[PDB]
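Heads up, the thing below is written out as structure tokens.
All values below were derived from every heavy atom in this structure, side-chain atoms included, with hydrogens, water molecules and symmetry-related copies excluded. Quick note: residue numbers are just sequence positions, from 1. We count ligands from 1, going down the list as the structure has it; atoms in each ligand are counted the same way.
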Amino acid sequence: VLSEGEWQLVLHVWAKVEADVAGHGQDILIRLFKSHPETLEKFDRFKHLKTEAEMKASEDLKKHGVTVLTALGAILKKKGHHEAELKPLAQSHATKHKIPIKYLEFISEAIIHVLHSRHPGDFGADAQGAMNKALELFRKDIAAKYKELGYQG
Ligand code: HEM
């Protein structure tokens with residue numbers, strides 16, 4: 001359970017992301033895909049992209065970055081009371097997109113890295129730990145839905 005202090009650190013940085021959601025989404029998906037290439041294989045939409053320059057030039061990849069971060073923003077802003085928002089994301093990610101929990105770990109590391117790059121003065125260690133906690137709570141509650149559905153592993 002995050003404290004109100006920890007949520008304030010999380011949402012203070014997330015307000016900085018919302019000035020350039022698309023650039024953040026491109027950098028986080030690129031980092032995901034470069035750091036963990038198995039992840040790119042899950043997107044039929046993007047698996048033609050073979051260099052980081054092709055990834056940077058794809059408007060479709062930029063579009064999906066904003067889809068991702070808009071969903072994640074809506075979940076952080078519920079501070080933990082996000083059951084309505086996860087049900088569907090867990091359902092589609094387990095049963096249609098076939099995304100293991102551990103790939104949610106991977107995109108969480110990429111999210112933390114890009115926020116440290118772009119907002120170091122609002123993403124000191126206190127804020128890095130709170131945001132780690134918020135992403136862990138996201139993963140925990142999605143893993144419990146996976147498990148319900150027979151996909152935790
Ligand atoms: C912060 C974590 C994530 C969030 C908030 C998120 C959010 C979304 C949303 C809102 C959609 C479109 C609606 C839907 O299908 O449910 C989506 C689509 C999709 N996601 Fe995610 N996602 C996350 C992580 C991932 C990861 C790590 C992967 C792959 C490794 C992935 C794979 C996909 C795929 C394959 C689709 C369909 C894309 C397409 O073909 O249009 N997601 N995601």
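For ligand 1, the atoms lying closer than 4.0 Å to a non-hydrogen atom of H64 are 17 (C), 18 (C), 19 (C), 38 (C). Within ligand 1, the atoms closer than 4.0 Å to a non-hydrogen atom of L104 are 24 (C), numbered from 1 in the order shown. Of all the atoms in ligand 1, the ones that sit under 4.0 Å from a non-hydrogen atom of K42 are 35 (C). Within the listing of ligand 1, atoms 1 (C), 2 (C) sit less than 4.0 angstrom from a heavy atom of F138.
Distance alone, capped at 3.5 Å, places no donor-acceptor pair between the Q8 side chain and the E4 backbone. Checking side-chain atoms of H93 against main-chain N and O of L89 turns up a donor-acceptor pair under 3.5 Å. For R118 (side chain) and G23 (main-chain N/O), a donor-acceptor pair under 3.5 Å exists by modelled atom type. Under a 3.5 Å cut-off, the side chain of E109 and the backbone N or O of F106 do not form any donor-acceptor pair.
Among all non-hydrogen protein atoms, the one lying nearest atom 4 (C) of ligand 1 is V68 CG1, 3.8 Å. In terms of protein heavy-atom proximity, atom 31 (C) of ligand 1 is nearest to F43 CZ, 3.6 Å. Atom 40 (O) of ligand 1 has its closest protein heavy atom at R45 CD, 3.6 Å. In this structure, the protein non-hydrogen atom closest to atom 27 (C) of ligand 1 is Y103 O, 3.6 Å. For atom 16 (O) of ligand 1, the nearest non-hydrogen atom of the protein is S92 OG, 2.6 Å. Closest to atom 9 (C) of ligand 1, if we only count protein heavy atoms, is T67 CG2, 3.9 Å.
On a distance-only criterion, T39 and ligand 1 share no N/O pair closer than 3.5 Å. The shortest N or O to N or O distance between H97 and ligand 1 is below 3.5 Å. Considering backbone and side-chain atoms together, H93 places an N or O closer than 3.5 Å to an N or O of ligand 1.
If you look at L89 next to ligand 1, the close heavy atoms, those under 4.0 Å, all belong to the side chain.
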**Report entry** ring-ring contact (aromatic ring centres under 6.0 Å, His included) evaluation trace for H24 with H119
**Finding:** CA-CA 11 Å; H24 289 77; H119 312 299; 4.9 Å; yes

**Report entry** Stepwise side-chain contact (heavy atoms from CB on, under 4.5 Å) check, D141 with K145
**Finding:** CA-CA 7 Å; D141 284 355; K145 291 179 167 152; over 6 Å; no

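Using a 4.0 Å cutoff on heavy atoms, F106 does not count as a contact of ligand 1.
Residues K77 and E18 are paired through a salt bridge, judged by an N-O separation under 4.0 Å between the basic side chain and the carboxylate. The pair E41-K47 does not meet the salt-bridge criterion, since no charged nitrogen lies less than 4.0 angstrom from a carboxylate oxygen. Between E83 and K78 there is no salt bridge, since none of the side-chain N atoms of the basic residue sits less than 4.0 Å from a carboxylate O of the acidic one.
Using a 4.5 Å cut-off between side-chain heavy atoms of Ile, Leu, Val, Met, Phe, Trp and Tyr, with links allowed through other members, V13 and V21 fall into the same hydrophobic cluster.
The nearest protein heavy atom to atom 25 (C) of ligand 1 is closer than 4.0 Å.
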